[PDB]
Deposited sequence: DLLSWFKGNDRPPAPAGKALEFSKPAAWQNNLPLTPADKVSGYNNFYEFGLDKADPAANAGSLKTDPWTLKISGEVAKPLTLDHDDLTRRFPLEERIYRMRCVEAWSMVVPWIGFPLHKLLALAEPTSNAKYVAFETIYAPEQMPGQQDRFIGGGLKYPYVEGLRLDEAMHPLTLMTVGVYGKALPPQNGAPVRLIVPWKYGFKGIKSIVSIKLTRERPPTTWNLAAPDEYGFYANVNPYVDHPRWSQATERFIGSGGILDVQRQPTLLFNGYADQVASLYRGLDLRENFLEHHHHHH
């Protein structure tokens, strides 16, 4: 349980996704393929102590411990929609601080062009990292990345809590990335490492299905997925079809960094 402010911009009147579901229906392959596997097995993960290490193309490499996650930077509550590529979405009241405040501390160098994220590796604690089938064929640890300007966008945040309290392990506690305008797979869980690199780093779902998932993965209703239309989505409310929005509804805040490019 923790304190936080509620900035005007991140507050709205969007129908929330019941906490039961936000923490009961998850994708966390390290704990199994089914939507219920994470909530049923994430209990085995030891999220305290913790070590989040910021390295690479940075002038001041730092390192945060479990307490730093909730105490080092001022926490905020942000109500973002969360759109998974599988075509189901939610509206979650996340709690965290913008990645740019952490990156600013580290002072990235003039050669930093990307941010590479990496999930913890603890095979005997995460069953999926032990069985090809339990784990889904992913090459562990789970890894992700963002262009520096994306990582620095005010909208992207290091999440440490949901629904007023610290994160249940199923949601990737103690630290998880959330990039609202992109498909869920970009929001890497239980981050133990953030490295600024010179080249575009590898992405776990891109590696596993190069033909289906890309690096940008910007939520877009006009571009389909090899196996399904992205035009409409299944909203997880209480107890549900609705149109998918351009940039998951953040087009005005984000169009700026993609305009005029590939």
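Where C-alpha coordinates are absent, the deposited sequence of this PDB chain has the segments 1-18, 258-262, 286-298.
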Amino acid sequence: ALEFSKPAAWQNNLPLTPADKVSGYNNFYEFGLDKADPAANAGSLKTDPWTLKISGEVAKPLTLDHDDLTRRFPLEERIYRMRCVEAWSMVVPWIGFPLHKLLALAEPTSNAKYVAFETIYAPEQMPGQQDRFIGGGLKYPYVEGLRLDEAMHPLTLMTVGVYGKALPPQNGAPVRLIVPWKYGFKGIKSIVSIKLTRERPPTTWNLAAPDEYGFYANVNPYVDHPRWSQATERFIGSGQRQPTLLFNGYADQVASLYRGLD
From here on, numbers count along this sequence of modelled residues.
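Look at the mean CA B-factor for 141-149 and for 156-164 in the entry; the higher one is 156-164. Stretches 119-127 and 102-110 differ in mean CA B factor, with 119-127 having the higher one. Sorting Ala209, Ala231, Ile194, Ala217 by the CA temperature factor given in the entry leaves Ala231 at the top.
In the PDB entry, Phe133 places in the highest third of its chain by CA B-factor. In this PDB entry, the Cα temperature factor of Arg227 sits in the top third of its chain's modelled residues, the highest group. Placement of the Cα temperature factor of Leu16 within the chain: highest third of the modelled residues, per the deposited record. Annotation for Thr51: C-alpha temperature factor in the highest third relative to the rest of the modelled chain, per the entry. Sort the modelled residues of the chain by CA B factor and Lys35 lands in the lowest third.
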